[PDB]
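Since the structure comes first, as structure tokens, the remarks are kept for the end.
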Amino acid sequence: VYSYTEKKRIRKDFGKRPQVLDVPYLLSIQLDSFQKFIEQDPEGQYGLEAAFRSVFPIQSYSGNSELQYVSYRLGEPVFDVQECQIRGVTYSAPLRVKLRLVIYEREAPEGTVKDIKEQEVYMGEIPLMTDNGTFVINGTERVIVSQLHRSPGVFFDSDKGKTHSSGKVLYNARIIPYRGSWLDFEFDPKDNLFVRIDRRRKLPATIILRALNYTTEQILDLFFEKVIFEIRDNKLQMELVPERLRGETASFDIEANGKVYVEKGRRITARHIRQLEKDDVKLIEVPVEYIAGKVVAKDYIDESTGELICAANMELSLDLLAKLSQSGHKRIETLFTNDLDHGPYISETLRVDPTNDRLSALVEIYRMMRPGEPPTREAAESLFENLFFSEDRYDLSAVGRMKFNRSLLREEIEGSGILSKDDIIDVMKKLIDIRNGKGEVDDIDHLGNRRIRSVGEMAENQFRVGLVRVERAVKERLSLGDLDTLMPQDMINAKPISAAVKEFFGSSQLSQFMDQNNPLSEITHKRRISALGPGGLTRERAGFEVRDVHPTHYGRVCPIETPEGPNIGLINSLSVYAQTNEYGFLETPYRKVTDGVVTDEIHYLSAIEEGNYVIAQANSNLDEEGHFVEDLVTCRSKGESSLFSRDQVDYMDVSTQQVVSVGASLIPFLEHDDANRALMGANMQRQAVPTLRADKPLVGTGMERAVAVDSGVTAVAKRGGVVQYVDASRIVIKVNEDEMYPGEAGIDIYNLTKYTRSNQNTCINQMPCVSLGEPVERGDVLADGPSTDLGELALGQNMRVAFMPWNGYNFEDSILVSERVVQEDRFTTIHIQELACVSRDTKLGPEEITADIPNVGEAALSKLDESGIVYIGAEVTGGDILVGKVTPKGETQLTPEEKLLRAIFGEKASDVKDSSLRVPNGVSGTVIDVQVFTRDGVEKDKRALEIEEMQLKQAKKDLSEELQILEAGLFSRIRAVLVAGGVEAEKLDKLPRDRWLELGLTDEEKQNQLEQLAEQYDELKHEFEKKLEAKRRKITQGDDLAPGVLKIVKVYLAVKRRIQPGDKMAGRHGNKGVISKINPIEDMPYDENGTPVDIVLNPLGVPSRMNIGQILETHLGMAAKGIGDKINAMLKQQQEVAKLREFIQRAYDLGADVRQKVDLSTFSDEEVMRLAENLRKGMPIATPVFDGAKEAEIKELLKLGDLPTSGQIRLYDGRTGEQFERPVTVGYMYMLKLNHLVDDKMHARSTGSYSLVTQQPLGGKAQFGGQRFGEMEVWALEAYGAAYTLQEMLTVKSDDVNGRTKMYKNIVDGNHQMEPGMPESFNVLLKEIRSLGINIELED
Amino acid sequence: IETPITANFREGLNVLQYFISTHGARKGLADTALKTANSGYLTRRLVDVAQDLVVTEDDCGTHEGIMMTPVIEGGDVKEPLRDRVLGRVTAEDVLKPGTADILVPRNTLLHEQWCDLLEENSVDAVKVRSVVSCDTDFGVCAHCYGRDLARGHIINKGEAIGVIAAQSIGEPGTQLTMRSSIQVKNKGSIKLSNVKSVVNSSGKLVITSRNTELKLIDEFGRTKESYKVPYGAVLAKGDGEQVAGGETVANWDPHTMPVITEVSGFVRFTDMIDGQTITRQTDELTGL
Amino acid sequence: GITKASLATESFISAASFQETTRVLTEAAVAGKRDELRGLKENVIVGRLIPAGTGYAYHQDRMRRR
Amino acid sequence: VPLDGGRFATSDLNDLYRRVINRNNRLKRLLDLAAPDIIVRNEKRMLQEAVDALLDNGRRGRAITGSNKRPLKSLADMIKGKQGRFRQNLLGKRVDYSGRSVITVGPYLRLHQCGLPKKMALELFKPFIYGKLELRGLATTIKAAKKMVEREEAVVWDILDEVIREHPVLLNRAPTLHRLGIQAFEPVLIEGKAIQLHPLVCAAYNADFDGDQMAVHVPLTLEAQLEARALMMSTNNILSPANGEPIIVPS
DNA sequence: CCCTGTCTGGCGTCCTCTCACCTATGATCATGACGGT
DNA sequence: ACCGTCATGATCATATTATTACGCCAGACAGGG
Ligand SMILES: [Zn+2]
């Protein structure tokens, strides 16, 4: 079955793979993250409650006072979104917090407080998010973009090759906390082990192991095994486990049990290990040279002298053995220090250590942190407990503790946010294991190590920084005042919190201005995974590997949609199905392929769970049950593609659209384009502009409805029902009774957004697309937006294209367009500019907005009123006066003399300089909206009161229409109530509406229903009255302005541009081009029917720039228009619905096993005529991305129309009238106009303004400036022999002021001659070098 | 990657094949967008080291200049002499390859007509004047530069050659990338240079010099091939000999540095004592 | 090398328009160095004719008339 | 200078000089107040660091900052760097009588001429048109001529075709790498807003037509018109200076 | 005393276009609204 | 309805701390066989 707007124009759909998971709501990152941020969240985390429970309770400097936390609450915003964008306020909500003050007594902090106080306090204004997923910061709609950064936890990197220039790789182990001090263990080419803290000075690593109160005996107990030597009657025998001897060449003949096992000069084989462990050999015999370099573990003391025989971690010599042998020790514990197995890295590290106990280690750490100051044991304890071991200054998150347990092969993924002793010891153990040769290092670009922050987490962090500044302030004030007399709003102030969150949402590196000129550009700017910003890398520094697609971007981050230029691969865009995990990683759906059958359950895999399993490719053929029809199937195991067996697979992809993003899944035939041209096509499809009447894509991907509905430019129905009143302003839906609340009677009103300014100066319009009396379903479009049509997504328009070289006018990439295109007004877009005129107060006098202007004509002022502000709807050109404003200046130094002189003349003679607001140079259009903002306490002029009366009548009429049509629906429900149970058929409509609420009826649910509808009537009346008074007091009151500005007049122009030679058009595959000549109709190549082609491209761009998808799109577009022409022929002849049903059914079956399977036998002879009314301008065809329409299907659809099979029609010429040889390719391509127009780039300057510090011309176009004759152009004129051209190019034309006035006089008198002089900026160089101690001069 | 992309663009690429393609193309876009900075900074360093050098005389009055030969790596002759000595003024007068003839005089610009009369006579190599041998204080004389290159004549007195040279080296910086024995090919005559050799017992002329250059000179006089032959190699041929096309003329073992002799006699182990100097390692799998 | 050779010039404006200006200006200041202009970039800085192209006749004239 | 509003956007050097003078006044008052030594030492040390921060900021330990954490720019940072005086105002300057627009093909051209729009032509050639208008006698004062071309009457287009005729212009594509990226043409006036550029010449500029832009410069004086015609004309650059290969090869 | 890791400074592409946005505060006279007579 | 008390906004000098995540490549410096 189909929805009613899907019976308007049902898009033909090729495609073979039956879908199982539809496209999710595309704005779920923004909305779900910010819903996670601000919501009443119990059990501590996440949200604002994490900050308010981690920074509170603020306890004082031993004054026994404490400011603890209860709850919080956000009130309603004072301004809704529309008033906020008009006026210019933040769209914020006040954050009320309930804080409590307790004050303990003396001698008992475990005793009773004498007094508490709990109260409401105001702090900050956090800006809310609109339903589109955007913020309104100062009247401009902004987006905070997700950041891709390093996952907190341990990370074992390997500084490969480059250091020490000898190939010896290093290994470092960076512990990355979520908040606190970093910690980098590493090696050095002497194979010592070095710690460092926050990239500071370097210490040997075991100095922190003493700082955790480990003795050296315990350290060697941890980081090494033991070797036991027993002195038993002969040569100091040894306990020997032969696994340590795997490949070691002994120094003697190892024999045991009277049997020679190992010979001198040979090594111990594995089978000799098997012999020694099979015979269970324990004690062997060593020479005196065997313990010549064995390292003792623990301290041995002589019992007689009380001295130290040998210190811990010391090699043993002959005299040390002679000392400990005669002291009474039979057991000797040493360490095993092999070449391959276990290096003595800990032992060499302890030999570099000067420290000996806990105190000296804490002193050295306190000294490397803060250099050159006296340490104290209390200060060293406090610092080292506040580096890693305190809840305040150090905090791994749950993400950090998960990675730290997972990368150390733990079991519990839950732990504390602080470190411990076992954590650092396991980091050093894993680092030594990686150095020993077992285990692997961790790459950086692997997406199991890249977390995604979003709006909620970053706003929480900035709010937490605001709270730690305010806890500094509260710790200052709380124990330095008189208690009890104050309340907890005199202490805490809202300035740092609001400053922090307002600085983050106002100007950050990630809170950026929304590129809004297209529904696609909105919905793909909100889904952006930027690597830049705070905590990430920078563009001009890094690098190589991060600008490259890793093998685990498959289905998480799009590989082909990224901006080319200085940041490729850093401004990644997130894919279609890619959600975000609980912790912050990326996860993507799969289908659990149990042993034979592809089960239709979806199952979300992360980036590290994907690697262990084995995933089948998306388009693998399966026969109606899930059994894979091949016995070798293409899969990928551990980041590496291969060919696997039938039933060793564990997952299959969901749909074939999931590698790409929503920017590059609206490209039909994506699998035929080379990836560079698909990248450029997706980026230019983002850069489109909305035309005047957007049409549709004939060749789409079926993804248009998700991008249109799941964005916020269309007016989606909330509750379905029957339309009651359509208008260009509003749309009224009457809600069906099986969807309807019992109370609040309810018929919905959609106030559409008519012509208003977007951010990119386009024209964000909404047009109603429903008829009257029409049913609509829940979840359905009512009003099309900009670049939409019937709920689809129509960016550009589809035009008749031919690929042929035509007389050179399409030489490199150019495009040649018939005048039939510009006559049909089909690339005419609507822009809205917002010109502003401020009127301040100078210290020479205030400015005025009077209509009287000095030294202008009356014809220049006839477009103004009596008040000096332009009428609504007068077409102005460049230079017309919109706001007549003159500078209220002068001031002749006051005094009595001038005081009595001003009385004679009176008022102001002519002390008003002209500074009116004018139209910019070279636009046109219509004044559509004028606003007058005025500071309260200043006289409002006549047009200000006129606009106030206009808006007051508009608001009162609009709210009266709200109440009137709403109660019209309510009385129409009342009549439906009174007919059941006591009908008055003809009696009811005579007696008035007041006496419907108080007519009697039987006591049932019907009388209770009457009571409900009555109280809803009366409540809506009183609510109407109070909100009308509130709306009037909002309109009539003054407006906040900048300090020292009287009044602001804003005028909205609506320009209506067109096409010309120089604009940029482009298709959807990377075929760019400046349109080069707008030919007449007659010159176009026509065919043997009569129709001229509209656009003549260039064929030579196809074999080099390998975008072969545009030719398949051209042929399938010609097939679509062939079906549309046959429908137009079968309908223009007024044929009955039977033949239309026949032909539309044949055009909708037409293929292999497909997904569509429609039938027109359930459309009932009236929808088929309206469906053919919508198909007569062409039949829309869906072609999904990697499961598209093959060549034979395009041929069979070109055979259904009577078009030629090869797609090529022979074409005649327009000029000569004789045939082009070798018939050419025509069809329809869907081409987009880009907003790189030519009357926004063109600029010219003879002589304008000049800069102030260096007397050179200004830069830019808005400032009337000149083009930079840069350094390489100076080199290119040195490279010729052009010497006078360069002399006037950098002395006369640019800098020398007397030189250029002599030049201007000489040019207007006909004498081409230059008086050179000196550049004035060289004199600026002399003053800047001379302002140092340097004495630069000019000799002779 | 061991599994290729067997599908072209007219057939459809499936998903994995397009993803491997995107690896290969993202690397190229990152390389161009980061390569352009080094290309521009190279042009800047080059035009600021040049910056001064102006053609300021007409003859420095010298007889020195570099010896332009065709360049040969070991394959077929890569860049011919007419590409290197086109429009550069000769240092001394080139002798015709027959005997002691004044073929061209000693200060003639070699334009296309002179270079064709050089190619007819098969001239070996030209001693030509180079800019690095110019004797002009503070500039380059007009003959030691050469032809104007965009004008047919010699460089004019004045035209800045340092800046056009620096631009011409640094301008192709974008197109550049950023990130057994000898088998003869043709059929000609053998010649050896830097050679000190000896005949072995079998007859193959072995070489007692490491730095020996093996040239293959044709029947006309020009040098068509060149190779480097190590110390102690088995040459199948000798000096001045004629060979066939494809015949192996050299042989050696680079993993075994030959300590071959000049004379014969008996061998004594001087300062070779087993135990300290040398060691006894009887072979496992052979016995010798 | 080319950056060490263009910073080691007998003309400190030529070696100051290029890389580090601090090192070159202190070396030229404490040496009391003097810049007989005589090159292309000194005359692009100071605003006169290039002594290469059309201006080589002008610099011949000025060098002759000293 | 103040920006648009009521406050003064002050430079960084005024912060540096104002701190040196504040500290110097404090040190004169202390040396006057016979303060003790341990800290007159602090006063002179703060003056030393203030002077050292004024001259070359940041060469000493971490550079001082006004707003917000970004360090403020000192005198040596007005000299050095990519944005000092050498590389930004003395080697490369911004230039009057110059224009910029999007290019397009126009294959009817001869290779010594390029298309140039009428609006750019009337803006770049305002003084020549003023001189021509004052020569004929149509107007009197300069003001009258500026009103005439501000209104664009019917007689200034003949004046414009009589100032264009034999007057070359320097077309320049924005990344100029070698000398063939600045070439001089003769204008042919274009109804339109896009520079029409002869196609063969495109292979010299590395200019395709996918959205490119070029700048036009006007040789003002008479020696510069002759240098544009005799050295930099597009007919004169038919061989690349890097070698002997022709650069006007058909693409 | 001649190698040597190690640390510190000094580079890192030109041209153009659009948009928004630059510390906090700690102390007090004087204006301004609220309540008693 | 006039007079006196609490509250709330102007002008004004006071002077600097608890983040890290480039990649060579010269150039100068303390350490040690
Ligand atoms: Zn010379």
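Note on naming: chains are A, B, ... as they come in the structure tokens, residues start from 1 per chain, ligands start from 1 in the order shown.
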Protein and nucleic acid residues within 8 Å of ligand 1 (only C-alpha atoms (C1' of nucleotides) and all ligand atoms) as a list in words | residues 59, 60, 61, 62, 129, 130, 131, 133, 134, 135, 136, 140, 141, 142, 143, 144 and 145 of chain B
Kindly assemble as a tab-separated table a list of the chain A residues that lie within 9 Å of chain C, each paired with its nearest atom pair and their distance in Å to one decimal, using only C-alpha atoms, sorted first by chain and then by ascending residue number.
residue	atom	partner	partner_atom	distance
A:1274	CA	C:44	CA	8.2
A:1277	CA	C:53	CA	8.9
A:1278	CA	C:53	CA	7.0
A:1279	CA	C:53	CA	8.1
A:1280	CA	C:53	CA	6.6
A:1281	CA	C:53	CA	3.4
A:1282	CA	C:53	CA	5.7
A:1283	CA	C:54	CA	4.9
A:1284	CA	C:49	CA	6.7
A:1286	CA	C:49	CA	7.6
A:1287	CA	C:49	CA	5.8
A:1288	CA	C:48	CA	9.0
A:1290	CA	C:47	CA	6.8
A:1291	CA	C:47	CA	6.0
A:1316	CA	C:48	CA	7.7
A:1317	CA	C:47	CA	8.0
A:1318	CA	C:47	CA	6.0
A:1319	CA	C:47	CA	6.0
A:1322	CA	C:46	CA	6.6
A:1334	CA	C:29	CA	6.8
A:1335	CA	C:29	CA	8.1
A:1336	CA	C:29	CA	8.8
Selected residues, N, CA and C atoms, written as an mmCIF file, in the first residue's frame, please.
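Wrote result-v9.cif, looks like this:
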data_model
loop_
_atom_site.group_PDB
_atom_site.id
_atom_site.type_symbol
_atom_site.label_atom_id
_atom_site.label_comp_id
_atom_site.auth_asym_id
_atom_site.auth_seq_id
_atom_site.Cartn_x
_atom_site.Cartn_y
_atom_site.Cartn_z
ATOM 1 N N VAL A 1274 55.862 40.101 -9.672
ATOM 2 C CA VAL A 1274 57.075 40.913 -9.717
ATOM 3 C C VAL A 1274 58.230 40.104 -10.290
ATOM 4 N N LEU A 1277 57.709 39.866 -14.068
ATOM 5 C CA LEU A 1277 58.117 41.056 -14.812
ATOM 6 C C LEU A 1277 59.607 41.335 -14.738
ATOM 7 N N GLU A 1278 60.309 40.848 -13.715
ATOM 8 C CA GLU A 1278 61.763 40.854 -13.792
ATOM 9 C C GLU A 1278 62.256 39.881 -14.847
ATOM 10 N N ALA A 1279 61.474 38.840 -15.120
ATOM 11 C CA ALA A 1279 61.906 37.802 -16.037
ATOM 12 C C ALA A 1279 61.850 38.245 -17.485
ATOM 13 N N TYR A 1280 60.951 39.170 -17.819
ATOM 14 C CA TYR A 1280 61.040 39.878 -19.089
ATOM 15 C C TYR A 1280 62.045 41.007 -18.955
ATOM 16 N N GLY A 1281 62.037 41.931 -19.890
ATOM 17 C CA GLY A 1281 62.826 43.116 -19.677
ATOM 18 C C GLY A 1281 61.970 44.306 -19.334
ATOM 19 N N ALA A 1282 60.745 44.058 -18.905
ATOM 20 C CA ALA A 1282 59.827 45.143 -18.589
ATOM 21 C C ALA A 1282 60.299 45.828 -17.320
ATOM 22 N N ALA A 1283 60.829 47.035 -17.461
ATOM 23 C CA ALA A 1283 61.339 47.789 -16.331
ATOM 24 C C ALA A 1283 60.472 48.975 -15.965
ATOM 25 N N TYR A 1284 59.961 49.718 -16.944
ATOM 26 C CA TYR A 1284 59.086 50.836 -16.617
ATOM 27 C C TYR A 1284 57.722 50.356 -16.157
ATOM 28 N N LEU A 1286 57.142 47.696 -14.331
ATOM 29 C CA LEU A 1286 57.259 47.379 -12.920
ATOM 30 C C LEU A 1286 57.475 48.624 -12.069
ATOM 31 N N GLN A 1287 58.144 49.651 -12.609
ATOM 32 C CA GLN A 1287 58.361 50.861 -11.815
ATOM 33 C C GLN A 1287 57.048 51.578 -11.554
ATOM 34 N N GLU A 1288 56.211 51.726 -12.578
ATOM 35 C CA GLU A 1288 54.910 52.299 -12.277
ATOM 36 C C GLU A 1288 54.000 51.303 -11.576
ATOM 37 N N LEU A 1290 54.842 49.498 -9.033
ATOM 38 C CA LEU A 1290 55.025 49.574 -7.592
ATOM 39 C C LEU A 1290 55.509 50.920 -7.068
ATOM 40 N N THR A 1291 55.491 51.981 -7.861
ATOM 41 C CA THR A 1291 55.711 53.305 -7.291
ATOM 42 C C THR A 1291 54.575 54.266 -7.587
ATOM 43 N N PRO A 1316 58.691 59.658 -10.638
ATOM 44 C CA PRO A 1316 58.739 58.454 -9.796
ATOM 45 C C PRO A 1316 58.673 58.657 -8.291
ATOM 46 N N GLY A 1317 59.630 59.351 -7.690
ATOM 47 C CA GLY A 1317 59.626 59.437 -6.239
ATOM 48 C C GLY A 1317 59.948 58.115 -5.551
ATOM 49 N N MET A 1318 59.529 58.026 -4.287
ATOM 50 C CA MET A 1318 59.818 56.910 -3.404
ATOM 51 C C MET A 1318 58.521 56.299 -2.892
ATOM 52 N N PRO A 1319 58.455 54.975 -2.740
ATOM 53 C CA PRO A 1319 57.340 54.361 -2.017
ATOM 54 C C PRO A 1319 57.270 54.852 -0.582
ATOM 55 N N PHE A 1322 58.236 52.219 2.022
ATOM 56 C CA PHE A 1322 59.647 52.102 2.365
ATOM 57 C C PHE A 1322 60.033 53.069 3.470
ATOM 58 N N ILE A 1334 68.451 50.495 15.879
ATOM 59 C CA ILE A 1334 69.164 50.436 14.609
ATOM 60 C C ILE A 1334 69.084 51.791 13.927
ATOM 61 N N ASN A 1335 70.171 52.225 13.301
ATOM 62 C CA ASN A 1335 70.255 53.527 12.635
ATOM 63 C C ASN A 1335 70.376 53.301 11.133
ATOM 64 N N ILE A 1336 69.249 53.149 10.463
ATOM 65 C CA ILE A 1336 69.247 53.034 9.011
ATOM 66 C C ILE A 1336 69.109 54.438 8.428
#
What are the residues of chain B that have an atom within 10 Å of an atom of chain E, counting only C-alpha atoms (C1' of nucleotides), as a list in words?
-> residues 33, 34, 35, 36, 37, 38, 39, 40, 41, 42, 43 and 44 of chain B
Secondary structure check, alpha helix (DSSP H) residues of stretch 29-62 of chain C, as a list in words =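 Those in stretch 29-62 of chain C that DSSP calls alpha helix (DSSP H) are residues 29, 30, 31, 40, 41, 42, 43, 44, 45, 56, 57, 58, 59, 60, 61 and 62 of chain C.
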May I have the residues within 7 Å of stretch 20-30 of chain B as a list in words, using only C-alpha atoms (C1' of nucleotides) and disregarding those fewer than 5 positions away in the same chain?
->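 Using only C-alpha atoms (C1' of nucleotides), the neighbours found are residues 547, 548, 549, 559, 560, 568, 675 and 676 of chain A.
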Dump as a compact mmCIF listing (two decimals), in the first residue's frame, selection limited to N, CA, C and O atoms:
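The result, stored in part_15.txt:
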# COMPACT_ATOMS: atom_id res chain seq x y z
N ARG A 547 45.53 12.08 6.92
CA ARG A 547 44.81 12.46 5.71
C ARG A 547 44.56 11.28 4.79
O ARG A 547 44.43 11.47 3.58
N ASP A 548 44.51 10.07 5.33
CA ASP A 548 44.40 8.87 4.53
C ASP A 548 43.32 7.97 5.11
O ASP A 548 43.15 7.90 6.33
N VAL A 549 42.59 7.30 4.23
CA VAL A 549 41.48 6.46 4.67
C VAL A 549 42.01 5.12 5.17
O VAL A 549 42.66 4.36 4.44
N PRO A 559 34.13 7.57 2.65
CA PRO A 559 35.46 7.66 2.06
C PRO A 559 35.57 8.70 0.96
O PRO A 559 36.68 9.17 0.70
N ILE A 560 34.46 9.11 0.34
CA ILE A 560 34.51 9.93 -0.86
C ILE A 560 34.00 11.34 -0.67
O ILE A 560 34.23 12.18 -1.55
N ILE A 568 42.12 17.79 3.52
CA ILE A 568 41.48 16.57 3.03
C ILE A 568 41.59 15.56 4.15
O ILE A 568 42.62 15.48 4.82
N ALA A 675 36.84 7.95 -8.25
CA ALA A 675 36.57 8.50 -6.92
C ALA A 675 36.88 9.99 -6.81
O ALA A 675 36.24 10.67 -6.00
N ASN A 676 37.81 10.51 -7.61
CA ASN A 676 38.08 11.94 -7.60
C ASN A 676 36.88 12.72 -8.11
O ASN A 676 36.45 13.72 -7.51
Mind giving me the straight-line distance from atom CA of residue A:597 to atom CA of residue A:626 in Å, one decimal?
->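 Between atom CA of residue A:597 and atom CA of residue A:626 the gap is 4.7 Å.
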Among listed residues D:178, D:220, D:190, D:202, nearest chain B (using only C-alpha atoms) |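 Under the stated criterion, the closest residue is D:178.
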Interface list for chain F, partner chain A, 8 Å threshold, only C-alpha atoms (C1' of nucleotides), as a list in words =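 Every residue of chain F that passes the 8 Å test is in residues 20, 21 and 22 of chain F.
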